[PDB]
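First the structure, in the form of structure tokens, and then the observations on it.
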Amino acid sequence: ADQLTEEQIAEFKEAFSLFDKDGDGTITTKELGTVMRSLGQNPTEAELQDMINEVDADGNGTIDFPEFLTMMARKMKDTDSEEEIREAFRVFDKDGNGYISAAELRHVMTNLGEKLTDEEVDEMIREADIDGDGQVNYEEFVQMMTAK
Amino acid sequence: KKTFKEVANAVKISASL
């Protein structure tokens, strides 16, 4: 049996809220670069359309809600997320102090069309803020990413 | 993945492609 309430849908929507400006159920191949441009790394025009082909639901570059995360959910353990534990630390760390604040984080995601501000989101850091610096430490990565 | 854990993991999946 499978059940998804407002708790499992918000974490499933949290990923769709970035690649979709209004959340119509389908995202453009151009939004990926909008998230990658936020990740700091973003590929060329055709190199980004190749990311939707990994699942090829419509083979047009557009993808639905249950179709994008499916081929991407099996690719988390189909590689090595340990080498990745340091990457999210290398990406998020703007000043390289060991803690990344949410104040800059959502202003960062805001270039996509967020309904949340870089400031008001900081109420969220409290979920991964184990060091209490109002930012995320190196200790929260292994807890949230390794222990899902 | 719940609120800020999923937003962090989404960054991990967008780079492993």
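Chain labels A, B, ... are given in the sequence in which chains occur in the structure tokens; within each chain residues are numbered consecutively from 1, and ligands are likewise numbered from 1 in the order shown.
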
All residues 12 Å or closer to residue 109 in chain A, only C-alpha atoms, same chain fewer than 4 positions away omitted, as JSON, numbers by chain: {"A": [14, 15, 17, 18, 19, 20, 21, 31, 34, 35, 36, 37, 38, 39, 40, 92, 102, 103, 104, 105, 113, 114, 115, 116, 117, 118, 119, 121], "B": [7, 8, 10, 11]}

Please write the residues from the selection above to a file, keeping N, CA, C and O atoms, as a compact mmCIF listing (two decimals), in the first residue's frame.
```txt
# COMPACT_ATOMS: atom_id res chain seq x y z
N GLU A 14 8.37 20.38 -3.66
CA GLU A 14 9.58 21.21 -3.41
C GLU A 14 10.59 21.13 -4.56
O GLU A 14 11.34 22.09 -4.80
N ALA A 15 10.60 20.00 -5.26
CA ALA A 15 11.49 19.79 -6.41
C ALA A 15 10.87 20.36 -7.70
O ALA A 15 11.60 20.79 -8.59
N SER A 17 8.68 22.96 -7.65
CA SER A 17 8.52 24.41 -7.45
C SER A 17 9.67 25.22 -8.08
O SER A 17 9.51 26.42 -8.32
N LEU A 18 10.80 24.56 -8.34
CA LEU A 18 11.97 25.21 -8.92
C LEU A 18 11.99 25.14 -10.45
O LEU A 18 12.23 26.15 -11.11
N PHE A 19 11.73 23.95 -11.00
CA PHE A 19 11.73 23.75 -12.47
C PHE A 19 10.42 24.25 -13.11
O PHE A 19 10.31 24.32 -14.33
N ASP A 20 9.43 24.60 -12.27
CA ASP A 20 8.14 25.11 -12.74
C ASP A 20 7.79 26.41 -12.02
O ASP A 20 7.79 26.46 -10.79
N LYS A 21 7.49 27.45 -12.80
CA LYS A 21 7.15 28.78 -12.27
C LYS A 21 5.72 28.86 -11.71
O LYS A 21 5.46 29.62 -10.78
N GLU A 31 14.14 25.31 -18.07
CA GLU A 31 14.08 25.55 -16.62
C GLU A 31 15.21 24.82 -15.88
O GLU A 31 15.66 25.27 -14.82
N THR A 34 18.00 26.81 -15.44
CA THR A 34 17.60 27.84 -14.50
C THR A 34 17.92 27.36 -13.07
O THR A 34 18.23 28.17 -12.19
N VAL A 35 17.84 26.03 -12.87
CA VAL A 35 18.16 25.39 -11.59
C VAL A 35 19.67 25.11 -11.53
O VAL A 35 20.29 25.22 -10.47
N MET A 36 20.24 24.74 -12.70
CA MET A 36 21.69 24.48 -12.85
C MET A 36 22.45 25.79 -12.73
O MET A 36 23.52 25.84 -12.12
N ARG A 37 21.89 26.86 -13.32
CA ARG A 37 22.48 28.21 -13.18
C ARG A 37 22.47 28.64 -11.69
O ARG A 37 23.23 29.53 -11.29
N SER A 38 21.61 27.97 -10.89
CA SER A 38 21.50 28.22 -9.44
C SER A 38 22.41 27.27 -8.69
O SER A 38 22.91 27.59 -7.61
N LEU A 39 22.62 26.09 -9.29
CA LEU A 39 23.53 25.08 -8.76
C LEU A 39 24.96 25.57 -8.99
O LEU A 39 25.90 25.10 -8.35
N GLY A 40 25.08 26.52 -9.93
CA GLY A 40 26.36 27.10 -10.27
C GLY A 40 26.90 26.48 -11.54
O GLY A 40 27.74 27.07 -12.22
N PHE A 92 26.85 24.79 -2.14
CA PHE A 92 26.13 25.66 -1.19
C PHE A 92 27.04 26.69 -0.51
O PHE A 92 26.66 27.86 -0.40
N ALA A 102 20.26 30.59 4.79
CA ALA A 102 19.10 30.54 3.90
C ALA A 102 18.78 31.92 3.30
O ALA A 102 18.07 32.01 2.30
N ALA A 103 19.32 32.98 3.93
CA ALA A 103 19.11 34.36 3.49
C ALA A 103 19.57 34.57 2.05
O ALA A 103 18.92 35.26 1.27
N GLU A 104 20.72 33.99 1.72
CA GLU A 104 21.27 34.05 0.37
C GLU A 104 20.74 32.90 -0.50
O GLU A 104 20.60 33.05 -1.72
N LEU A 105 20.42 31.78 0.15
CA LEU A 105 19.94 30.55 -0.52
C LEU A 105 18.66 30.73 -1.37
O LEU A 105 18.61 30.22 -2.49
N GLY A 113 11.56 31.97 -10.00
CA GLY A 113 10.18 32.38 -9.83
C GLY A 113 9.57 31.78 -8.58
O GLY A 113 8.48 31.20 -8.63
N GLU A 114 10.28 31.94 -7.46
CA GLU A 114 9.86 31.41 -6.16
C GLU A 114 8.79 32.26 -5.49
O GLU A 114 8.80 33.49 -5.59
N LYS A 115 7.86 31.57 -4.82
CA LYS A 115 6.78 32.23 -4.07
C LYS A 115 7.20 32.38 -2.60
O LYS A 115 6.38 32.66 -1.71
N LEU A 116 8.50 32.22 -2.40
CA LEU A 116 9.14 32.34 -1.09
C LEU A 116 10.40 33.18 -1.22
O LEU A 116 11.15 33.04 -2.19
N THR A 117 10.62 34.04 -0.23
CA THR A 117 11.78 34.94 -0.22
C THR A 117 12.98 34.36 0.50
O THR A 117 12.85 33.57 1.44
N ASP A 118 14.15 34.78 0.01
CA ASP A 118 15.47 34.42 0.55
C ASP A 118 15.50 34.56 2.09
O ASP A 118 16.21 33.84 2.79
N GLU A 119 14.70 35.52 2.57
CA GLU A 119 14.61 35.86 4.00
C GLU A 119 13.62 34.99 4.81
O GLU A 119 14.01 34.31 5.75
N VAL A 121 12.26 32.24 4.32
CA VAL A 121 12.50 30.78 4.25
C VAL A 121 13.35 30.25 5.40
O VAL A 121 13.24 29.09 5.77
N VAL B 7 15.24 20.06 -1.00
CA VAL B 7 15.79 21.16 -1.80
C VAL B 7 17.32 20.98 -1.95
O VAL B 7 17.91 21.36 -2.96
N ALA B 8 17.94 20.40 -0.90
CA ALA B 8 19.38 20.12 -0.86
C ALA B 8 19.72 18.89 -1.71
O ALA B 8 20.74 18.87 -2.40
N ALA B 10 17.86 17.80 -4.21
CA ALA B 10 17.52 18.17 -5.60
C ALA B 10 18.76 18.70 -6.33
O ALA B 10 18.91 18.51 -7.54
N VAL B 11 19.63 19.37 -5.56
CA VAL B 11 20.90 19.92 -6.07
C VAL B 11 21.89 18.77 -6.35
O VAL B 11 22.75 18.88 -7.23
```

Residues near residue 1 in chain B, cut-off 12 Å, only C-alpha atoms, skip fewer than 6 positions along chain, as a ChimeraX atom specification: /A:7-15,127-128,141,143-148 /B:7-12

12 Å contact set for residue 97 in chain A, only C-alpha atoms, chain neighbours under 3 positions out, as number ranges by chain: A: 89-90, 92-94, 100-101, 133, 135-138

Which of chain A DSSP labels strand (DSSP E), written as number ranges by chain: A: 100-101, 135-136

Those of chain A in DSSP alpha helix (DSSP H), formatted as a PyMOL selection string: chain A and resi 6-13+16-19+32-39+45-49+65-68+70-73+82-85+87-92+102-109+138-144

Spatial neighbours of residue 28 in chain A, 12 Å, only C-alpha atoms, chain gap at least 5 places, as a list in words: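 Near neighbours after the sequence-gap exclusion: residues 16, 18, 19, 20, 21, 22, 23, 33, 34, 35, 45, 48, 49, 51, 52, 60, 61, 62, 63, 64 and 68 of chain A.
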
Who sits within 9 Å of residue 17 in chain B, only C-alpha atoms, same chain under 6 positions skipped, as a list in words: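 That gives residues 51, 54, 72 and 75 of chain A.
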